[PDB]
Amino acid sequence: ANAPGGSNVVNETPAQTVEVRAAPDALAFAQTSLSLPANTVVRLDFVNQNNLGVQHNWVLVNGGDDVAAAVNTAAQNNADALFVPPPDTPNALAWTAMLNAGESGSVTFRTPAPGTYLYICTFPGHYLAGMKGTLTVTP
């Protein structure tokens, strides 16, 4: 059940691909901002290489910190799937599987309308520790 997912996942050829990496020595993404065009199919490749031996995922939410906390809270209660958002979690646009240190995983999705959206990691504690970034979706 540890698998990618999200309301905007599509089985379509990506128009763009983007790489995200974990910070090697912190509970953070290496990229704290992303930018993509609206209504476009993108493959996001999350490469989790870190020196902590720690797990991480990439989760795009349909909003800011209030929505992020909601999605994060639903994932916190999904220990059997290693803390990814449960399927059909409200306002969770896309996520990768939860990746062990050394693992890489993608998610292919249609970006939402123009606007600003948080991406977070839902492994317990990481979102509260600051593991988040801002996706700005342009026209």
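Numbers follow the displayed sequence, beginning with 1.
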property: 77 to 85 or 107 to 115, whichever carries the higher mean Cα B-factor; result: 77 to 85
property: Between 59 to 67 and 39 to 47 (mean CA B-factor, as deposited), the higher; result: 59 to 67
property: Identity of residue with top Cα B-factor, from 22, 15, 131, 9; result: 22
property: Maximum C-alpha temperature factor, selected from 34, 52, 98, 94; result: 52
